[PDB]
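Chemist: my complex, part one, positions kept as in the full thing:
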Amino acid sequence: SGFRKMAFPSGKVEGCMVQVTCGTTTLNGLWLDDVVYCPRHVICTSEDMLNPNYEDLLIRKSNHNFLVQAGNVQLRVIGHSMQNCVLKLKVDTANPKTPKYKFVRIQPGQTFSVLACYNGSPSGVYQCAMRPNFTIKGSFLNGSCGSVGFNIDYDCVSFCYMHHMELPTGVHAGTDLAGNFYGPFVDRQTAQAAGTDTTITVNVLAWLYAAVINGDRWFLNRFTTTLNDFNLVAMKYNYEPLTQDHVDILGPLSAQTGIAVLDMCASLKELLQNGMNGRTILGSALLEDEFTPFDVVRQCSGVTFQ
């Protein structure tokens, strides 16, 4: 028992992280086979970053302008090209530690592990959710661009996120590994705001099931509700609508605990209207929405990865 915000083991990704330096700028690259992936704004300088033209900037670069450092080994760039907001640097060495991998774009409400890196060297690992407004609440300092987010499915690493920037509210924005930003953001220093966020209802309910599986039952009740009457209560509290598909995904957790999904909704309704009256759920005094139904089943059952 117990429930922790738990990241994937980071070793498979640690072996892909490199340092990319171009001019004054140093950030992180992702080295897979003979390509290093990094954020295209590495080719910028501080006055380039106001409103740059990256196509113009890139034709001006030379292969030898990109210093790619894999630990204490320098990698020879033999080709560069832009793909949306990422750079693909072709190097003269395939990464011998390339895991089996995929580039996947996630949906808001889904989670992933982030390997925060600086100068090509991993600093820490932690779990994040893609918020409804397409930001993530990360932990990122200058130099962390090119850190990646990922999930692991048996032996296969699905890269979903590359870090690019911090918004003025302290939340973070980036791209998938094809270079396409999550959300309405651009890799330019202009007035960009996150946009209003909502709480991920299905994750809150999955986390209530985690808590029941782990002994926390005080918030349960005999009442029930219709999906329609719950969703009226969701709108009022800036919770996202609950669909029949969400109810389905929560079926295994319903079966395991014997608490009908709509019954848990009635519990959520009362927690929303009454608060928690000084009590805690799984050691939190807030309703937690960054655990998926998958995350709960994975942790409360013991799945591993090879």
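Modeler: Now that the structure is in, tell me what you want to look at. Numbers count the residues shown, from 1 in each chain, chains lettered A, B, ... in the order given.
Chemist: going forward, measure contacts between C-alpha atoms and count neighbours the same way
Modeler: Noted.
Chemist: what's in contact with stretch A:215-230?
Modeler: With contact meaning C-alpha atoms under 8 Å, 6 or more residues apart in numbering, stretch A:215-230 is reached by A:211, A:242, A:262, A:263, A:264, A:265, A:266, A:267, A:269, A:271, A:281, A:282.
Chemist: neighbour count and distance to residue A:303 added to those, as JSON lines?
Modeler: Compiled in JSON lines, the contacts of stretch A:215-230 are given as follows (neighbours: other C-alpha atoms under 10 Å; distance: C-alpha to C-alpha, whole Å):
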{"residue": "A:211", "neighbour count": "20", "distance to residue A:303": "19"}
{"residue": "A:242", "neighbour count": "17", "distance to residue A:303": "27"}
{"residue": "A:262", "neighbour count": "18", "distance to residue A:303": "27"}
{"residue": "A:263", "neighbour count": "19", "distance to residue A:303": "28"}
{"residue": "A:264", "neighbour count": "23", "distance to residue A:303": "25"}
{"residue": "A:265", "neighbour count": "29", "distance to residue A:303": "27"}
{"residue": "A:266", "neighbour count": "24", "distance to residue A:303": "30"}
{"residue": "A:267", "neighbour count": "21", "distance to residue A:303": "29"}
{"residue": "A:269", "neighbour count": "21", "distance to residue A:303": "32"}
{"residue": "A:271", "neighbour count": "16", "distance to residue A:303": "31"}
{"residue": "A:281", "neighbour count": "21", "distance to residue A:303": "24"}
{"residue": "A:282", "neighbour count": "19", "distance to residue A:303": "21"}
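Chemist: take the residues you listed and keep only those in helices.
Modeler: A:211, A:262, A:263, A:264, A:265, A:266, A:267, A:269, A:271 (DSSP state H).
Chemist: turn those residues into TSV, columns for distance to residue A:151.
Modeler: Output for these, formatted as TSV (distance: C-alpha to C-alpha, whole Å):
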residue	distance to residue A:151
A:211	23
A:262	30
A:263	31
A:264	28
A:265	29
A:266	32
A:267	31
A:269	32
A:271	31
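Chemist: of those, closest to residue A:32?
Modeler: Among the ones in helices among the contacts of stretch A:215-230, residue A:211 lies closest to residue A:32 (C-alpha to C-alpha), at 39.1 Å.
Chemist: from residue A:70, how far off is that closest one?
Modeler: 43 Å (C-alpha to C-alpha, to the nearest Å).
Chemist: chain B should join the structure above:
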Amino acid sequence: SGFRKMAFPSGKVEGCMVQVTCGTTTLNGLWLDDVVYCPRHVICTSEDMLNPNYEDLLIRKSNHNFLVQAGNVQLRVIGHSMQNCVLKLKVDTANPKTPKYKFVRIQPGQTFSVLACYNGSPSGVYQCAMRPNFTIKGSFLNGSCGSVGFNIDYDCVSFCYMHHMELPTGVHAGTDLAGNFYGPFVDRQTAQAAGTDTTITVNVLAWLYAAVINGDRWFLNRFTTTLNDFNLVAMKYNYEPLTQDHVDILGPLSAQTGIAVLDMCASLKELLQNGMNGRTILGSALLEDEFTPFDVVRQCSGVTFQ
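Modeler: Adding chain B to what we have so far:
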């Protein structure tokens, strides 16, 4: 910016994890050089576990009784021996992925990363604190024994924890890597209770500094307090006493923010007496005590590891 509960990159430890099977019992081992370390209760069976005699049980075992599995390679045991509550299995192969390492015993109030493992395969990584009562609030299922806790100092892995058991309150107990339990626990199935816990005051204050560094200032105030008058308030709220040494450790965070340690204490005093009035600090509605001053300086400055 941002502040996340952040684990160390787990790759160096993933390469040490193996599967140890003896009779009916399978758990995890830690393979360093030519020794696999695992919890001694692997030699038990279900009726052995009521009140076993491990010395008696071990003389009855044979080297070939221990099946040690490193991924899909079987390791030949050529020697076994007991050290307190751990077994040291000598194998005929040094682990080529042995990082530079140390066995260190931590103090309550200190943190470490846990690599949860099942059948020798890492499942997830997360950050834990050693509680004042010598338990940790982990996430551990049957089969997770032999998972280890660790910190990384540049390139060197300091192993501090081996998992052994869950107490009836759902908290976890284990040993250092020399086999010595943290706290008054034994690797026997008898009536064992955690014992009353306290909140780690110095960590709460370090986390308040993290929050100030990250923009959360609402809880600050012009008042101050003496260390003596704060510690009266600590006892009342089951917080642990604050020493002059704690005040010293918090000096760099004091210097950085310009908030005198004793001033932050005055803020903590009011949060304890008044609560948080529906507000949050770093996205938590509780006072958080599982971040050390070190953890805060590390995350809010960007230290990495090679």
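Chemist: ok, residue A:8 touching residue A:124?
Modeler: No - the pair residue A:8 and residue A:124 fails to qualify as a contact (C-alpha atoms under 8 Å) at a distance of 11.7 Å.
Chemist: shouldn't residue A:231 be in contact with residue A:242?
Modeler: Yes - between residue A:231 and residue A:242 there is a contact under C-alpha under 8 Å: 6.4 Å.
Chemist: which residue is the nearest non-sequential neighbour of residue A:106?
Modeler: Leaving aside its chain neighbours, residue A:106 sits nearest to residue A:160 (6.2 Å; criterion: C-alpha to C-alpha, 6 or more residues apart in numbering or on different chains).
Chemist: tell me which residues touch that neighbour, please.
Modeler: Residue A:160 is in contact with A:103, A:104, A:105, A:106, A:112, A:148, A:149, A:150, A:151, A:176, A:177, counting by C-alpha atoms under 8 Å, 6 or more residues apart in numbering or on different chains.
Chemist: ditto for residue A:45
Modeler: A:23, A:24, A:25.
Chemist: neighbours of the second one, how many?
Modeler: Residue A:24 is surrounded by 10 other residues when neighbours are defined as other C-alpha atoms under 10 Å in any protein chain shown.
Chemist: can you tell me the residue of chain A closest to chain B?
Modeler: residue A:11 (3.5 Å; C-alpha to the nearest C-alpha).
Chemist: check contacts around that residue.
Modeler: Contacts of residue A:11 (C-alpha under 8 Å, 6+ apart): B:9, B:10, B:11, B:12, B:14.
Chemist: most neighbours among these, which one is it?
Modeler: residue B:9 leads those on contacts (other C-alpha under 10 Å) with 32 neighbours.
Chemist: the closest residue to it other than its chain neighbours: which element?
Modeler: Closest residue to residue B:9 apart from its sequence neighbours, by C-alpha to C-alpha, 6+ apart: residue A:124 at 5.2 Å. With elements taken from DSSP states H and E, the one containing residue A:124 is strand A:121-129.
Chemist: can you show me the strands along chain A?
Modeler: Secondary structure of chain A, counting by DSSP state E: strands at A:17-22, A:25-32, A:35-39, A:66-70, A:73-75, A:77-83, A:86-91, A:100-103, A:111-118, A:121-129, A:148-153, A:156-166, A:172-175.
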